[PDB]
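In what follows, one protein chain appears twice in different forms, each by itself as structure tokens: structure 1 and structure 2.
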Structure 1
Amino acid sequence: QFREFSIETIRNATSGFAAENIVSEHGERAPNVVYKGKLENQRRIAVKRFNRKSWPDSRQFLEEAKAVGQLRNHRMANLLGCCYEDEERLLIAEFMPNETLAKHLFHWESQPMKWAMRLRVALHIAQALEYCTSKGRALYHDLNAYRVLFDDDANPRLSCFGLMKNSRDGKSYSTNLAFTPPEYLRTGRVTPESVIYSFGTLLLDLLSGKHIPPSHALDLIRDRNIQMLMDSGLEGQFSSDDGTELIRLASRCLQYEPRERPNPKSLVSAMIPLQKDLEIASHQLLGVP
């Protein structure tokens, strides 16, 4: 059950917000900063530490956090609690010991991620988004490979932290505008449809092994240019038909017009027929112990 924590408890768990406990990607001075910790009950946790002045009203911070804390699903790294003592604003979530999609996808050492695993990530994250939407949290902020985490069983999960903005005014987003939906600059707001656009960018990341701005992915996607768009590391692992189908899905998600993008249920239905090696454990497919 979602609960409150004291700041002393969280400082103890994180060894005083020690810099080497940072597990997020932007270092100590960023709008998004996350620390690993360990509670006295031996539970490992992830602690997002919001910047000063980001959520100045404790009541509105607590109410958002509580709302997110109602969500409980096995495709999410779930929200366990919050802290709002002494001007701090913290979210406490389940710790994900097998690190991020970005690590495995962009910074692989032994070999590139398998096709079947990339498809499993895409499906499970779509399912997570469908779940969030069903529980009234249809907005997700800065969806990218750093928000996809792998649990103890190496299963991919969506970080709960993105269900809240980095700041109450929404101006502390991390996403470079090259990757934001076209309507976001105009409106300054995330909508359910803009989340789908961001899912498109995740699909492009998975297909390519690269972080390619959608505008650049444009002619490549038009030409279904497998050589240019697809990760060379995948060669041999997928049929041209299946690769093309995932490209087409990404195209749908990246449509300029928000109303033309698929809804979360359509993402799931499009992803299911493409799944491979369903009977193989994520530990094995991902190549982690």
Structure 2
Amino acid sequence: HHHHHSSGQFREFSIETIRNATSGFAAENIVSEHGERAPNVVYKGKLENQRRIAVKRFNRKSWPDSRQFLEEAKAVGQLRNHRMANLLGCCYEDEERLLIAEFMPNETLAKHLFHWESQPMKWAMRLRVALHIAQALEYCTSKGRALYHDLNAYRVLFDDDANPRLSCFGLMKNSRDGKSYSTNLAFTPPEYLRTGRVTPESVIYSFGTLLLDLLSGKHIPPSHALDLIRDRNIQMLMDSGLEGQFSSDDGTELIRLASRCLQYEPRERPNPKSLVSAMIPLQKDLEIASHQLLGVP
């Protein structure tokens, strides 16, 4: 009952295996947004042993040299941690360039925060998300993957137990020669648009934007949020759907953490160890299981 035991070692899959598992990349199995119009596409799959997988399918042009693709995929595939949707393998046969990860069946932070079905996300879950993602980043950095290419709400996934995890796919670029941030520039770190180079300090700024998303319940430009915080207009910032779930004090403390993350100078931002340390004491409702908190099983 696969989510019981360890992920198992990184391996190379055949294209027949992956075609069989995804019903030949059936559009019905697309789990990413925008169907086949997106520059890459993620499919749900199921292996013959019933293990569920996520298959990221790239255009050959993104990763034309399979040797480079495999090398990168293998390095990411060494990482194994319960805060990650871990990378199980890759496939580079028949002109395909595929990454294979643990399937996370409860969608994304984007879905449950911005596009919720039952109920808005509970404060305690928002905090659990921030902790788990901080622990994921600390893990990744400890294993020599300190870059993460566009940390945002779509990278946060919910596992079989409805626990938040970080996508392994963002540990690699969307193409060999591409940009590390392909999303709206108003959300990117200030030095990024100067240099076009992702550093570990970039990821921390992006964690800050994740915090702002969690605080506000919407995808707020950081300059707008920072104006509100500067002017002490917190009631304009905070999600009105959180009313009565949090102290002014613990809300304050999370905004303080966001402010550090979002510092203009990269050397002033916290590191992942420090994010973990700041998030631990903020945790609430430890006794409520994630499936109950999220509103799933």
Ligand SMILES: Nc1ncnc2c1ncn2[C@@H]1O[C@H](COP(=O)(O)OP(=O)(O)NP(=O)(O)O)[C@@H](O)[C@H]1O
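Only residues modelled in both forms are compared. By rigid core we mean the largest C-alpha set that fits within 1.5 Å across both forms. The first residue in the sequence of structure 1 is number 1, and each one after it adds one.
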Which one here is the form deposited without this ligand?
1
Shifting its Cα by 2 Å or more between structure 1 and structure 2 with the rigid core aligned, the only one of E63, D223, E235, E260 is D223
Taking 2 Å as the cut-off, check whether the CA of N73 shifts that much or more between structure 1 and structure 2 after a rigid core fit.
no
On a rigid core superposition, would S174 pass a 2 Å threshold for CA movement between structure 1 and structure 2?
yes
Does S54 show a Cα shift reaching 2 Å between structure 1 and structure 2 after rigid-core superposition?
no
So if we fit the rigid core, how much does the CA of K36 shift between structure 1 and structure 2, in Å?
0.6
Shift of the Cα of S110 between structure 1 and structure 2 with the rigid core overlaid, in Å, rounds to 2.1
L185 CA shift between structure 1 and structure 2 in angstrom, with the core used for superposition:
1.1
Kindly list the runs, ordered along the sequence, of 3+ consecutive residues whose C-alpha shifts are all 2 Å or more between structure 1 and structure 2 once the two forms are aligned on their core.
25 to 27, 29 to 32, 170 to 174, 223 to 226
